[PDB]
>>> print(open('input-v8.tsv').read())   # TSV, C-alpha atoms
chain	number	residue	atom	x	y	z
A	1	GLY	CA	95.97	93.98	103.04
A	2	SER	CA	95.62	93.05	99.36
A	3	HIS	CA	96.35	96.00	97.04
A	4	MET	CA	98.39	94.70	94.05
A	5	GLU	CA	95.18	93.13	92.62
A	6	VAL	CA	93.61	96.56	92.21
A	7	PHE	CA	96.53	98.04	90.27
A	8	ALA	CA	97.80	94.88	88.52
A	9	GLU	CA	94.88	95.12	86.08
A	10	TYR	CA	96.03	98.55	84.87
A	11	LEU	CA	99.73	97.50	84.70
A	12	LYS	CA	98.70	94.83	82.14
A	13	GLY	CA	96.98	97.45	79.95
A	14	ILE	CA	100.23	99.45	79.74
A	15	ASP	CA	101.11	98.43	76.14
A	16	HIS	CA	104.54	100.07	76.80
A	17	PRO	CA	106.51	97.36	78.71
A	18	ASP	CA	109.96	98.93	78.23
A	19	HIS	CA	109.01	101.54	80.90
A	20	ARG	CA	106.08	99.71	82.58
A	21	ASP	CA	108.03	97.89	85.35
A	22	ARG	CA	109.18	101.22	86.95
A	23	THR	CA	105.52	102.03	87.76
A	24	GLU	CA	105.04	98.93	90.01
A	25	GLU	CA	108.14	99.64	92.11
A	26	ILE	CA	106.26	102.74	93.27
A	27	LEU	CA	102.96	100.88	93.82
A	28	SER	CA	104.49	98.35	96.26
A	29	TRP	CA	106.81	101.02	97.80
A	30	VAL	CA	103.88	103.36	98.65
A	31	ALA	CA	102.11	100.33	100.20
A	32	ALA	CA	105.35	99.64	102.19
A	33	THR	CA	106.70	103.01	103.43
A	34	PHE	CA	103.15	104.50	103.79
A	35	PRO	CA	100.97	101.50	104.90
A	36	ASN	CA	98.34	103.86	106.39
A	37	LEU	CA	97.14	104.46	102.77
A	38	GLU	CA	94.66	102.04	101.10
A	39	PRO	CA	94.20	101.33	97.32
A	40	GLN	CA	91.60	102.88	94.93
A	41	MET	CA	91.13	102.49	91.11
A	42	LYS	CA	89.69	105.91	90.07
A	43	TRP	CA	89.71	107.77	86.71
A	44	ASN	CA	91.43	104.57	85.29
A	45	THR	CA	94.52	105.77	87.19
A	46	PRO	CA	96.37	104.66	90.37
A	47	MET	CA	95.44	106.53	93.53
A	48	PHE	CA	95.47	105.60	97.20
A	49	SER	CA	93.44	107.06	100.06
A	50	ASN	CA	94.34	107.60	103.73
A	51	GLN	CA	90.95	106.43	105.11
A	52	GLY	CA	89.16	107.87	102.00
A	53	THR	CA	91.06	111.21	101.28
A	54	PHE	CA	93.09	112.16	98.15
A	55	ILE	CA	96.65	112.55	99.63
A	56	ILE	CA	98.21	110.66	96.61
A	57	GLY	CA	97.51	109.95	92.91
A	58	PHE	CA	99.69	109.24	89.80
A	59	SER	CA	99.39	107.91	86.21
A	60	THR	CA	101.77	106.87	83.42
A	61	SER	CA	102.56	109.53	80.78
A	62	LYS	CA	103.68	108.86	77.16
A	63	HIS	CA	107.34	109.32	78.25
A	64	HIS	CA	107.29	110.07	82.02
A	65	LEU	CA	105.43	109.19	85.29
A	66	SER	CA	103.33	111.99	86.78
A	67	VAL	CA	103.44	112.03	90.65
A	68	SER	CA	102.06	114.32	93.43
A	69	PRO	CA	100.41	113.97	96.88
A	70	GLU	CA	97.92	116.88	96.42
A	71	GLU	CA	99.42	120.36	95.84
A	72	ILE	CA	102.10	121.12	98.48
A	73	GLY	CA	104.55	118.58	96.96
A	74	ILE	CA	104.61	120.79	93.82
A	75	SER	CA	104.54	124.14	95.66
A	76	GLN	CA	107.51	124.16	98.10
A	77	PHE	CA	109.30	120.89	97.30
A	78	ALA	CA	109.27	121.73	93.57
A	79	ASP	CA	112.43	123.86	94.09
A	80	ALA	CA	114.35	120.82	95.42
A	81	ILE	CA	112.90	118.81	92.45
A	82	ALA	CA	114.23	121.48	90.03
A	83	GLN	CA	117.80	121.28	91.40
A	84	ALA	CA	117.52	117.47	91.51
A	85	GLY	CA	117.30	117.72	87.67
A	86	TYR	CA	113.57	117.30	86.89
A	87	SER	CA	110.68	119.47	85.70
A	88	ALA	CA	107.19	119.64	87.20
A	89	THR	CA	103.85	121.21	86.32
A	90	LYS	CA	101.91	123.27	88.90
A	91	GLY	CA	99.93	120.13	89.80
A	92	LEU	CA	102.40	117.20	89.63
A	93	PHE	CA	106.12	116.45	89.09
A	94	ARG	CA	107.60	114.38	86.23
A	95	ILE	CA	110.59	112.09	85.91
A	96	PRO	CA	111.42	110.97	82.32
A	97	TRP	CA	111.30	107.17	81.81
A	98	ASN	CA	115.06	106.89	81.09
A	99	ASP	CA	116.10	108.45	84.43
A	100	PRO	CA	115.49	107.49	88.12
A	101	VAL	CA	112.55	108.40	90.32
A	102	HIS	CA	113.74	110.41	93.36
A	103	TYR	CA	111.77	108.24	95.86
A	104	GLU	CA	113.44	110.13	98.76
A	105	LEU	CA	112.30	113.66	97.81
A	106	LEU	CA	108.78	112.35	97.15
A	107	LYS	CA	108.52	110.38	100.47
A	108	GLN	CA	109.29	113.67	102.28
A	109	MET	CA	106.30	115.54	100.82
A	110	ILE	CA	103.73	112.67	101.07
A	111	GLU	CA	104.71	111.77	104.68
A	112	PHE	CA	104.70	115.52	105.44
A	113	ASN	CA	101.24	116.01	103.90
A	114	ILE	CA	99.99	113.04	106.01
A	115	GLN	CA	101.42	114.40	109.30
A	116	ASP	CA	100.19	117.91	108.44
A	117	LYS	CA	96.59	116.67	107.84
A	118	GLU	CA	96.23	115.49	111.47
>>> encode(input="input-v8.tsv", output="structure tokens")
Amino acid sequence: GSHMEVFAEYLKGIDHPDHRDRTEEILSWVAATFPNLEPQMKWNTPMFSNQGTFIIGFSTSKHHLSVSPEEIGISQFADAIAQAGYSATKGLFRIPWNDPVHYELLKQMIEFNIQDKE
């Protein structure tokens, strides 16, 4: 249903427009490839919830965008992310604002985490 309205308040408050508009590509894309998720404003950050759970959250960084489903995305898939050209942490992965988000690699882990949490 409606979801942009939740997030489109936080997008405004990004005082950093030169890298803002990347963030909303993801917001609509999650709500398009993974429509079984629903929106939630929590911690002043963007998350979504499959019928209430925590299977995705992100937030803008001062030079990157910090993305993860829960943990597994940063455990096993983090090796593919390394050789794709990006760093992670233990708890999320990071693309730098200048360079593209690997939407593909990240769909794999979120859709996997969903099908695995049956």
>>> residues_around(input="input-v8.tsv", residues="residue 69 in chain A", least_positions_apart="3", cutoff="12 Å", atoms="all atoms listed in the file", output="MDAnalysis selection string")
chainID A and resid 30 37 47:50 53:58 66 72:75 77 91:93 105:114 117
>>> write_last_selection(input="input-v8.tsv", atoms="C-alpha atoms", output="compact mmCIF listing (two decimals), in the coordinates of the input")
# COMPACT_ATOMS: atom_id res chain seq x y z
CA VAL A 30 103.88 103.36 98.65
CA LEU A 37 97.14 104.46 102.77
CA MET A 47 95.44 106.53 93.53
CA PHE A 48 95.47 105.60 97.20
CA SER A 49 93.44 107.06 100.06
CA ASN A 50 94.34 107.60 103.73
CA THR A 53 91.06 111.21 101.28
CA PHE A 54 93.09 112.16 98.15
CA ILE A 55 96.65 112.55 99.63
CA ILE A 56 98.21 110.66 96.61
CA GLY A 57 97.51 109.95 92.91
CA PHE A 58 99.69 109.24 89.80
CA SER A 66 103.33 111.99 86.78
CA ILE A 72 102.10 121.12 98.48
CA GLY A 73 104.55 118.58 96.96
CA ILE A 74 104.61 120.79 93.82
CA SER A 75 104.54 124.14 95.66
CA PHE A 77 109.30 120.89 97.30
CA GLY A 91 99.93 120.13 89.80
CA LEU A 92 102.40 117.20 89.63
CA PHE A 93 106.12 116.45 89.09
CA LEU A 105 112.30 113.66 97.81
CA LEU A 106 108.78 112.35 97.15
CA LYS A 107 108.52 110.38 100.47
CA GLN A 108 109.29 113.67 102.28
CA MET A 109 106.30 115.54 100.82
CA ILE A 110 103.73 112.67 101.07
CA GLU A 111 104.71 111.77 104.68
CA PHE A 112 104.70 115.52 105.44
CA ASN A 113 101.24 116.01 103.90
CA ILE A 114 99.99 113.04 106.01
CA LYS A 117 96.59 116.67 107.84
>>> closest_residue(input="input-v8.tsv", among="A:46, A:36, A:28, A:81", to="residue 9 in chain A", atoms="only C-alpha atoms")
A:46
>>> atom_distance(input="input-v8.tsv", atom1="CA of residue 102 in chain A", atom2="CA of residue 86 in chain A")
9.5 Å
>>> residues_near_point(input="input-v8.tsv", point="(103.2, 106.1, 84.4)", cutoff="10 Å", atoms="only C-alpha atoms", output="PyMOL selection string")
chain A and resi 11+14+16+19-24+26+45-46+58-67+94-97
>>> atom_distance(input="input-v8.tsv", atom1="CA of residue 80 in chain A", atom2="CA of residue 35 in chain A")
25.3 Å
>>> atom_distance(input="input-v8.tsv", atom1="CA of residue 18 in chain A", atom2="CA of residue 44 in chain A")
20.6 Å
>>> build_atoms(input="input-v8.tsv", residues="range 70-95 of chain A", atoms="N, CA, C and O atoms", output="compact mmCIF listing (two decimals), keeping the file's coordinate frame")
# COMPACT_ATOMS: atom_id res chain seq x y z
N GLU A 70 99.10 116.06 96.66
CA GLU A 70 97.92 116.88 96.42
C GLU A 70 98.40 118.11 95.65
O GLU A 70 98.38 118.12 94.41
N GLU A 71 98.90 119.11 96.38
CA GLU A 71 99.42 120.36 95.84
C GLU A 71 100.78 120.69 96.44
O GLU A 71 101.71 121.00 95.70
N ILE A 72 100.95 120.58 97.77
CA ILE A 72 102.10 121.12 98.48
C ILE A 72 103.43 120.57 97.96
O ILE A 72 104.43 121.30 97.87
N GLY A 73 103.43 119.29 97.56
CA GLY A 73 104.55 118.58 96.96
C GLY A 73 105.12 119.30 95.73
O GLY A 73 106.28 119.12 95.39
N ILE A 74 104.30 120.12 95.07
CA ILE A 74 104.61 120.79 93.82
C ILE A 74 104.70 122.30 94.05
O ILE A 74 105.03 123.07 93.14
N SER A 75 104.42 122.76 95.27
CA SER A 75 104.54 124.14 95.66
C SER A 75 105.95 124.36 96.21
O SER A 75 106.79 124.94 95.50
N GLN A 76 106.26 123.86 97.41
CA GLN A 76 107.51 124.16 98.10
C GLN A 76 108.58 123.20 97.63
O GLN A 76 109.66 123.64 97.21
N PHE A 77 108.29 121.89 97.62
CA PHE A 77 109.30 120.89 97.30
C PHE A 77 109.71 120.92 95.82
O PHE A 77 110.72 120.32 95.44
N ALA A 78 108.95 121.63 94.98
CA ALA A 78 109.27 121.73 93.57
C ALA A 78 110.61 122.42 93.30
O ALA A 78 111.17 122.23 92.22
N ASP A 79 111.13 123.22 94.25
CA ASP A 79 112.43 123.86 94.09
C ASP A 79 113.56 122.84 94.24
O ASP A 79 114.46 122.78 93.41
N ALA A 80 113.46 121.97 95.26
CA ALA A 80 114.35 120.82 95.42
C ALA A 80 114.27 119.90 94.19
O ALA A 80 115.31 119.46 93.71
N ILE A 81 113.07 119.63 93.66
CA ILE A 81 112.90 118.81 92.45
C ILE A 81 113.63 119.45 91.26
O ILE A 81 114.25 118.74 90.47
N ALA A 82 113.54 120.78 91.11
CA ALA A 82 114.23 121.48 90.03
C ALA A 82 115.72 121.19 90.06
O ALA A 82 116.27 120.69 89.08
N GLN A 83 116.36 121.45 91.21
CA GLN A 83 117.80 121.28 91.40
C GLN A 83 118.20 119.81 91.48
O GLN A 83 119.40 119.50 91.42
N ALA A 84 117.24 118.88 91.64
CA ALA A 84 117.52 117.47 91.51
C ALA A 84 117.70 117.09 90.03
O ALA A 84 118.42 116.15 89.71
N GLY A 85 117.09 117.85 89.11
CA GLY A 85 117.30 117.72 87.67
C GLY A 85 116.01 117.54 86.88
O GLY A 85 116.09 117.31 85.66
N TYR A 86 114.85 117.62 87.52
CA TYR A 86 113.57 117.30 86.89
C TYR A 86 112.71 118.55 86.74
O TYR A 86 112.91 119.56 87.42
N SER A 87 111.73 118.47 85.85
CA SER A 87 110.68 119.47 85.70
C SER A 87 109.49 119.07 86.58
O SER A 87 109.41 117.95 87.11
N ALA A 88 108.51 119.95 86.67
CA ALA A 88 107.19 119.64 87.20
C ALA A 88 106.13 120.22 86.27
O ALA A 88 106.43 120.54 85.11
N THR A 89 104.89 120.28 86.73
CA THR A 89 103.85 121.21 86.32
C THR A 89 103.50 121.99 87.60
O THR A 89 104.20 121.87 88.61
N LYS A 90 102.41 122.77 87.61
CA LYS A 90 101.91 123.27 88.90
C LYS A 90 101.32 122.15 89.75
O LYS A 90 101.30 122.31 90.97
N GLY A 91 100.81 121.08 89.14
CA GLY A 91 99.93 120.13 89.80
C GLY A 91 100.53 118.75 90.01
O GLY A 91 99.96 117.96 90.77
N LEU A 92 101.64 118.41 89.35
CA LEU A 92 102.40 117.20 89.63
C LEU A 92 103.85 117.37 89.18
O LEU A 92 104.16 118.32 88.48
N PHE A 93 104.75 116.47 89.59
CA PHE A 93 106.12 116.45 89.09
C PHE A 93 106.29 115.31 88.09
O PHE A 93 105.42 114.43 87.99
N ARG A 94 107.38 115.33 87.31
CA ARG A 94 107.60 114.38 86.23
C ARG A 94 109.05 113.95 86.22
O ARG A 94 109.94 114.79 86.15
N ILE A 95 109.28 112.64 86.24
CA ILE A 95 110.59 112.09 85.91
C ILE A 95 110.44 111.48 84.52
O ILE A 95 109.39 110.89 84.23
